[PDB]
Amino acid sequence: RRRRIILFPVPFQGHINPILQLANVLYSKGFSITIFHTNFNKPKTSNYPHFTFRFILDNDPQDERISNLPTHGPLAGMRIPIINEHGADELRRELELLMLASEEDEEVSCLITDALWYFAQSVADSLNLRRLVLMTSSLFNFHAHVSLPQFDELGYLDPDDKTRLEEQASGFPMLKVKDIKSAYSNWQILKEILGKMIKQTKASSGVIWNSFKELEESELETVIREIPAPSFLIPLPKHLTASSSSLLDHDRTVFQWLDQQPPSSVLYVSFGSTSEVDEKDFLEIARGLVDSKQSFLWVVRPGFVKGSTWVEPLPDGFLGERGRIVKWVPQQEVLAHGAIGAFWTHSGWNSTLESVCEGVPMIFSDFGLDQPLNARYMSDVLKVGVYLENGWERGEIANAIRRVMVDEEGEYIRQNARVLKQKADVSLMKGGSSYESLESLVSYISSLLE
């Protein structure tokens, strides 16, 4: 292969999944692929015989700043600001020694990084290497990030200012003030990171969005105005699932059980790769699921429940014939199964987009960050699910589950989910928004060394 692309993911499941989907799509279009990855949270390189992996930044002996960071729980994310602040010299060395070792017939077209690796723009510039960015969250979230100076002036980023919570955000009516308060509760850290991510995204050679035009049409004018480089909207789950980049072992025994369920009769439940609840909330969720009287498949990550290794506070036999708990599944393959009638999600963007791409309507909870904005946009603009926006109450959980899966009152939500899947499929046909985004992206990358 004449042309090589280097990709550099953020080493968490919601970041590795889209960049290895993109890597596969670009491999399919005839590019050779090198992945730069931390040893931390590495995927199974044996699943990618067609890719070269290079492990960087946390090789032994480890830096003072990274050596003792926890490997699980939300605190593991401290690696993101630390690598941005201290990784530039090592990334430049690794890019240089790859380009020095390269064959004379092959050249590196570009570096594609996660948008959160804002430090990589200056490194790529210093080597006369073009950098493209992969956005792993929505255009709507980007629109909110660019509006932060206005949210700040209005006092929405003040945790102590508990006024106007149920009102429409001034200058941003698609959001309630409480959505902004939730999304930016970690304002001391996010203020600096998001400003840098925006500046270095605007400075990049091109922005790839894991989305499609018909999903986020209201947000296109903002990205065309804010980002001078070309934007490409490609819905990666419509190209392939992320099964090969799983960081955990799949429980595949779930498919034999799904095959025993009537069509659209199962609630799939998963609150993410990082999320945590109190025992009080975890038992309130469990009661809501039982109160619903619907069949369910619930992925609970070890550490989801504060105080327990897994699901110890749950009684044996509880959940009935109706319910299964597992540690991990191939989630998009589960969403594609005919048994699935709905998905109770934490509203992470990969989970939200996979559900949309499989036509599965949603019940939304959130654990902050971009989650409350995804839940608000999908529930109120697209109308493909119900937002549980006032915590965990067993009655409200039961009503939301029944509304989406059974109630005639919820038929419009099930129909909206069906039609949005169809729009995603049409977007991949010749002349479709996603087809044209991908053809343009391939032509654009092929032009970078002219």
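All residue numbers are counted from 1 along the displayed sequence. Heads up, when I say rigid core I mean the largest set of C-alphas that superpose within 1.5 Å between the two forms.
- Here the rigid core sets the fit, and in 7 other deposited structures of this protein the C-alphas of 95 to 103 stray farther than those of the other stretch, out of 95 to 103 and 283 to 291.
- Taking the root mean square of CA deviations in 7 other deposited structures of this protein after fitting on the rigid core, 316 to 324 and 118 to 126 differ, and the farther of the two is 316 to 324.
- For the cut-off of one third of the other compared entries, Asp160 qualifies: that many or more give it no coordinates while modelling its flanks.
- Taking the PDB entry as given, 159 to 167 carries the higher mean Cα B factor of the two stretches 196 to 204 and 159 to 167.
- For the pair 256 to 264 and 318 to 326, the mean Cα B-factor is higher in 318 to 326.
- Comparing the listed residues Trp117, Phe364, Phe232, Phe304, the entry records the largest Cα B-factor for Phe304.
- Across the options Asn47, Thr52, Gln422, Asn399, the residue with the most elevated CA B-factor in the record is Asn399.
- Looking at the C-alpha B-factors along this chain, the one for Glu354 belongs to the lowest third.
- Placement of the Cα temperature factor of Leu236 within the chain: lowest third of the modelled residues, per the deposited record.
- Among all modelled residues in its chain, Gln332 ranks in the lowest third by Cα B-factor.
- When the modelled residues of the chain are ordered by their C-alpha B factor, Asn59 lands in the highest third.
- Among the modelled residues of its chain, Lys29 has a C-alpha B-factor that falls in the middle third according to the deposited record.
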